[PDB]
$ cat start-v7.csv   # CSV, C-alpha atoms
chain,number,residue,atom,x,y,z
A,25,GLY,CA,-0.6,-60.0,-25.3
A,26,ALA,CA,2.1,-61.2,-27.7
A,27,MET,CA,3.7,-64.7,-27.9
A,28,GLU,CA,6.6,-63.5,-25.8
A,29,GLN,CA,5.1,-62.9,-22.5
A,30,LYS,CA,5.6,-64.4,-19.0
A,31,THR,CA,2.4,-65.6,-17.7
A,32,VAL,CA,2.0,-64.8,-14.0
A,33,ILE,CA,-0.4,-66.2,-11.4
A,34,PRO,CA,-2.1,-63.2,-9.9
A,35,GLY,CA,-3.4,-63.4,-6.4
A,36,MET,CA,-1.0,-65.8,-4.9
A,37,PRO,CA,0.8,-64.4,-1.9
A,38,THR,CA,3.7,-66.3,-0.6
A,39,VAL,CA,4.7,-66.0,3.0
A,40,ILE,CA,8.1,-67.5,3.3
A,41,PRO,CA,8.8,-69.7,6.4
A,42,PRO,CA,11.9,-68.6,8.3
A,43,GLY,CA,14.9,-70.8,8.2
A,44,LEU,CA,15.0,-71.2,4.4
A,45,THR,CA,17.9,-70.4,2.3
A,46,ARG,CA,17.6,-68.1,-0.7
A,47,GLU,CA,17.6,-71.2,-2.9
A,48,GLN,CA,15.0,-73.0,-0.8
A,49,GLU,CA,12.9,-69.8,-0.8
A,50,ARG,CA,12.7,-69.8,-4.5
A,51,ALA,CA,11.9,-73.5,-4.5
A,52,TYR,CA,9.0,-73.0,-2.1
A,53,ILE,CA,7.8,-70.0,-4.2
A,54,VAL,CA,8.4,-71.7,-7.5
A,55,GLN,CA,6.6,-74.9,-6.3
A,56,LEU,CA,3.4,-72.9,-5.7
A,57,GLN,CA,3.9,-71.1,-9.0
A,58,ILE,CA,4.5,-74.5,-10.7
A,59,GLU,CA,1.3,-76.0,-9.4
A,60,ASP,CA,-0.6,-72.8,-10.3
A,61,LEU,CA,1.0,-72.8,-13.7
A,62,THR,CA,0.1,-76.4,-14.2
A,63,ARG,CA,-3.5,-75.6,-13.0
A,64,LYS,CA,-3.5,-73.1,-15.8
A,65,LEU,CA,-2.6,-75.7,-18.5
A,66,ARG,CA,-4.8,-78.3,-16.8
A,67,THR,CA,-8.1,-76.2,-17.0
A,68,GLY,CA,-7.1,-73.5,-19.4
A,69,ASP,CA,-7.0,-70.7,-16.8
A,70,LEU,CA,-5.2,-68.1,-18.8
A,71,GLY,CA,-7.2,-64.9,-18.3
A,72,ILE,CA,-5.8,-63.9,-21.7
A,73,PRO,CA,-8.4,-63.2,-24.4
A,74,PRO,CA,-7.6,-63.8,-28.1
A,75,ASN,CA,-7.4,-60.9,-30.5
A,76,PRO,CA,-10.7,-59.9,-32.2
A,77,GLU,CA,-8.9,-59.9,-35.5
A,78,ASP,CA,-8.3,-63.6,-35.2
A,79,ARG,CA,-11.8,-64.5,-36.4
A,80,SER,CA,-10.5,-63.8,-39.9
A,81,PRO,CA,-9.8,-67.2,-41.6
A,82,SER,CA,-6.5,-68.5,-40.7
A,83,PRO,CA,-4.2,-71.2,-42.2
A,84,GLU,CA,-4.6,-74.7,-40.9
A,85,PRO,CA,-1.9,-76.3,-38.5
A,86,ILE,CA,1.5,-77.1,-39.9
A,87,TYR,CA,2.9,-80.6,-40.0
A,88,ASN,CA,6.1,-81.7,-38.4
A,89,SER,CA,8.9,-83.3,-40.5
A,90,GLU,CA,7.8,-86.7,-39.2
A,91,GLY,CA,4.4,-86.2,-40.9
A,92,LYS,CA,2.7,-85.7,-37.6
A,93,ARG,CA,0.3,-82.7,-37.5
A,94,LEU,CA,-0.8,-81.2,-34.3
A,95,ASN,CA,-2.7,-78.1,-33.2
A,96,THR,CA,-1.0,-74.8,-33.7
A,97,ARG,CA,-2.7,-72.2,-31.5
A,98,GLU,CA,-3.8,-74.6,-28.8
A,99,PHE,CA,-0.4,-76.1,-28.6
A,100,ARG,CA,1.3,-72.8,-28.7
A,101,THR,CA,-0.5,-71.7,-25.6
A,102,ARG,CA,-0.3,-75.0,-23.8
A,103,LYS,CA,3.4,-75.6,-24.6
A,104,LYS,CA,4.2,-72.0,-23.7
A,105,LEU,CA,2.7,-72.8,-20.3
A,106,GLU,CA,4.7,-75.9,-20.0
A,107,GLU,CA,7.8,-73.8,-20.7
A,108,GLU,CA,6.8,-71.4,-17.9
A,109,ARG,CA,6.5,-74.4,-15.6
A,110,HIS,CA,9.6,-75.9,-17.0
A,111,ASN,CA,11.5,-72.7,-16.4
A,112,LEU,CA,10.6,-73.1,-12.7
A,113,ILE,CA,11.2,-76.9,-12.8
A,114,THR,CA,14.7,-76.5,-14.0
A,115,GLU,CA,15.3,-73.8,-11.4
A,116,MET,CA,13.7,-75.8,-8.6
A,117,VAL,CA,15.5,-79.0,-9.5
A,118,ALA,CA,18.8,-77.0,-9.4
A,119,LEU,CA,17.8,-75.4,-6.1
A,120,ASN,CA,16.6,-78.7,-4.7
A,121,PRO,CA,17.9,-82.1,-6.1
A,122,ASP,CA,15.2,-84.0,-4.1
A,123,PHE,CA,12.4,-82.0,-5.8
A,124,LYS,CA,9.7,-84.1,-7.5
A,125,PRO,CA,8.4,-82.5,-10.6
A,126,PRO,CA,4.6,-83.0,-11.6
A,127,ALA,CA,3.7,-86.2,-13.3
A,128,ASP,CA,2.8,-84.8,-16.7
A,129,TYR,CA,6.1,-83.1,-16.8
A,130,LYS,CA,9.0,-84.9,-18.4
A,131,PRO,CA,12.6,-83.8,-18.3
A,132,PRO,CA,14.1,-82.3,-21.5
A,133,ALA,CA,15.9,-84.7,-23.8
A,134,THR,CA,17.9,-84.3,-26.9
A,135,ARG,CA,15.2,-86.1,-28.8
A,136,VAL,CA,13.8,-82.7,-29.6
A,137,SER,CA,15.6,-80.6,-32.2
A,138,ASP,CA,12.8,-79.3,-34.4
A,139,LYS,CA,13.6,-75.8,-33.2
A,140,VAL,CA,16.8,-74.3,-31.8
A,141,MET,CA,17.4,-75.6,-28.3
A,142,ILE,CA,19.6,-73.2,-26.5
A,143,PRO,CA,20.0,-73.8,-22.7
A,144,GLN,CA,19.3,-70.9,-20.3
A,145,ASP,CA,20.6,-70.1,-16.9
$ encode --input "start-v7.csv" --output "structure tokens"
Amino acid sequence: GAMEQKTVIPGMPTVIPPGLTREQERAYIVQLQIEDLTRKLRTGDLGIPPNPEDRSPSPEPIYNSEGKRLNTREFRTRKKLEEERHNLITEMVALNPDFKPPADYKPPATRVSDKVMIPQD
């Protein structure tokens, strides 16, 4: 539970092919995790049930400064998933420059500043 949680893909064994480098190993491992993560955002495969307490009436989605409203809980989960994937994307792109990220993925740009964007290594 909690909003701070690394969502893992359980049941995916990764047998590393020999002749890989430690960087390339991760890239192979992360690619599988990336697709599986994306599978998760694609179909909603979370395996994480909502709290029973949540059926109590909740406030309606907040608007952005641009006046655009969006979904709050849906988006929180889906965006979080994209961040898991992105975490791997940034890692895999660093490990392999020739890596091709998924099509729904878009690289980070300084267009976003609605929150605090602090880079991570």
$ residues_around --input "start-v7.csv" --residues "residue 25 of chain A" --least-positions-apart "3" --cutoff "12 Å" --atoms "all atoms listed in the file" --output "VMD selection string"
chain A and resid 28 to 31 70 to 75 101
$ atom_distance --input "start-v7.csv" --atom1 "atom CA of residue 112 of chain A" --atom2 "atom CA of residue 54 of chain A"
5.8 Å
$ atom_distance --input "start-v7.csv" --atom1 "atom CA of residue 51 of chain A" --atom2 "atom CA of residue 34 of chain A"
18.2 Å
$ axis_aligned_box --input "start-v7.csv" --around "segment 85-88 of chain A" --padding-each-side "8 Å" --output "AutoDock Vina command-line options"
--center_x 2.1 --center_y -79.0 --center_z -39.2 --size_x 24.0 --size_y 21.4 --size_z 17.6
$ residues_around --input "start-v7.csv" --residues "segment 117-121 of chain A" --least-positions-apart "4" --cutoff "12 Å" --atoms "all atoms listed in the file" --output "list in words"
residues 44, 45, 46, 47, 48, 49, 50, 51, 52, 53, 54, 55, 58, 109, 110, 111, 112, 113, 125, 126, 131 and 145 of chain A
$ atom_distance --input "start-v7.csv" --atom1 "atom CA of residue 115 of chain A" --atom2 "atom CA of residue 97 of chain A"
27.0 Å
$ closest_residue --input "start-v7.csv" --among "A:37, A:68, A:85, A:76" --to "residue 102 of chain A" --atoms "all atoms listed in the file"
A:68
$ residues_near_point --input "start-v7.csv" --point "(-1.1, -74.9, -25.2)" --cutoff "12 Å" --atoms "all atoms listed in the file" --output "CSV table (one decimal) with C-alpha atoms, in the frame of the given file"
chain,number,residue,atom,x,y,z
A,27,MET,CA,3.7,-64.7,-27.9
A,61,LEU,CA,1.0,-72.8,-13.7
A,62,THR,CA,0.1,-76.4,-14.2
A,64,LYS,CA,-3.5,-73.1,-15.8
A,65,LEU,CA,-2.6,-75.7,-18.5
A,66,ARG,CA,-4.8,-78.3,-16.8
A,67,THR,CA,-8.1,-76.2,-17.0
A,68,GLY,CA,-7.1,-73.5,-19.4
A,69,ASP,CA,-7.0,-70.7,-16.8
A,70,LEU,CA,-5.2,-68.1,-18.8
A,94,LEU,CA,-0.8,-81.2,-34.3
A,95,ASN,CA,-2.7,-78.1,-33.2
A,96,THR,CA,-1.0,-74.8,-33.7
A,97,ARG,CA,-2.7,-72.2,-31.5
A,98,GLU,CA,-3.8,-74.6,-28.8
A,99,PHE,CA,-0.4,-76.1,-28.6
A,100,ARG,CA,1.3,-72.8,-28.7
A,101,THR,CA,-0.5,-71.7,-25.6
A,102,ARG,CA,-0.3,-75.0,-23.8
A,103,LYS,CA,3.4,-75.6,-24.6
A,104,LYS,CA,4.2,-72.0,-23.7
A,105,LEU,CA,2.7,-72.8,-20.3
A,106,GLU,CA,4.7,-75.9,-20.0
A,107,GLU,CA,7.8,-73.8,-20.7
A,108,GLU,CA,6.8,-71.4,-17.9
